[PDB]
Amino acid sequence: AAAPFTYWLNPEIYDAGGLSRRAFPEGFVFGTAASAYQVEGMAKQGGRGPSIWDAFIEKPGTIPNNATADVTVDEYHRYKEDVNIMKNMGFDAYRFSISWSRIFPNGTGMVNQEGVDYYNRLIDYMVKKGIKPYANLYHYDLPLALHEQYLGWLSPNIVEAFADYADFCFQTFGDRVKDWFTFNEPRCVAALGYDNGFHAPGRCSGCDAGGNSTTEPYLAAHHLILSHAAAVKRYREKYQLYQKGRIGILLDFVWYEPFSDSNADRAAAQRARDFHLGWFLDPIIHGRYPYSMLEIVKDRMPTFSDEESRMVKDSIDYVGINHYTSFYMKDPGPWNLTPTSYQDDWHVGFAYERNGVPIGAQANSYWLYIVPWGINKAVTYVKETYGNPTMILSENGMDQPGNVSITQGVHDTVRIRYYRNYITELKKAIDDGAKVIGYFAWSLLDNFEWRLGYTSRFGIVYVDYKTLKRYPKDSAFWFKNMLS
């Protein structure tokens, strides 16, 4: 049992700000989201082959305090408890991811039956408890074998490797999983993996592992798009009419607000949207890359053949938008001109304040600014720009510093205000015609936050890493109250 202050009843819990299920469309889904590597543990066990993150983690100094996700919050063994918390808090759904290398230790070939069994236990238990499973197929965890064989996303070989893996998952799990995502944040897979080397496999221009920031991110993104399209084709031709599910992709989207009303600032904000979201959503909706990207990046960007363009266009039933934050965008003056990096290709200036006033308070993470109206502007933008496609707001949340006690950690009033305000702004966008059908908080549990390790807590449930005990935060109860 914890210190007395743990059990103070935060009155913010009961201020739902006017929100309930009645403020949302009939059958609107409220969920939480996690990922295999961040929550499962058993990284080197249960027959799981290693991923790129397992080798990347081995360089000392990469994770703070050289922490690993070998155990993390141990959802492999504690999945029943986690599902029960989800149910008790009133959630309808859980978006989780399947570990490619847990099913295919070598990426292709032999199946790890022990991994298959785990996901079957997990899915069977969610169905038993009335939590809808939303399965994401890839969450930063490429099997290491594939990276060793042909450098993973940088080779056209990855496309059939992935499609076959997707295919197997549909065959095996699709009798009860009716909601699929191919990828989480392919932009990040490409940009962090191959532009700045911040994420595995740590490739970039200056990087230890080698790389080329001018070409490799574009090559990676191209094969991610082809792999998504190839996977969806399997689903549609072989499973969809029989299983009656749906398939989409999850795309991160930072809102870019023009800094001023000038043509140049307004154009800069559009350019950033092109490179951030358009990069993936233009091909999926129009069968082609953003014009700006083609004119700036020229031949450093691959092109789709006519056959590819047809496979890629309309290759979703819905799009998941992951949204956290917003920045101001400036025209940065005259552009160079000589290729440097995907990020430099955007040719923009970032701004985090205007007239001495910050755009929002900062969460723990260096990148996260709390800007509730950004979620409204983002959703309206995809509605207007893309013919109002069916959307899931597939991630939203914020982090506390990792190094806080149970007692301090559970009283997360800042997160309550975060969710109340963001969900209010999302509601306004729906009232004005946006076709959103679900919302997912990141995340249920404090977990392994990639390069930040355990110095960042995103959960609505506090996890003591010493004991692995769960303590619902005030924000979990805020949801419980709002959802009934």
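By rigid core we mean the largest C-alpha set that fits within 1.5 Å across both forms. Note that residue numbering follows the sequence shown and begins at 1.
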> After a core fit, does 217 to 225 or 202 to 210 show the bigger CA gap to the shown form in 4 other deposited structures of this protein?
Replying inline: 202 to 210
> Between 330 to 338 and 98 to 106, which has the higher average C-alpha B-factor in the PDB entry?
Replying inline: 330 to 338
> Averaged over C-alpha atoms, is the B-factor higher for 28 to 36 or for 59 to 67 in this PDB entry?
Replying inline: 59 to 67
>> Checking the record values for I321, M293, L219, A209, which has the greatest CA B factor?
In response: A209
> Highest Cα B-factor in the PDB entry belongs to which of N263, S394, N184, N196?
Replying inline: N263
> Based on the entry's values, in what third of the chain does the Cα temperature factor of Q45 lie: lowest, middle or highest?
Replying inline: highest
>> Could you place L468 in the lowest, middle or highest third of its chain by Cα temperature factor, using the values in the record?
In response: highest
>> Among the modelled residues of this chain, does the Cα B factor of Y140 put it in the lowest, middle or highest third?
In response: middle
>> Among the modelled residues of this chain, does the Cα B factor of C169 put it in the lowest, middle or highest third?
In response: middle
>> Among the modelled residues of this chain, does the Cα B factor of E148 put it in the lowest, middle or highest third?
In response: highest
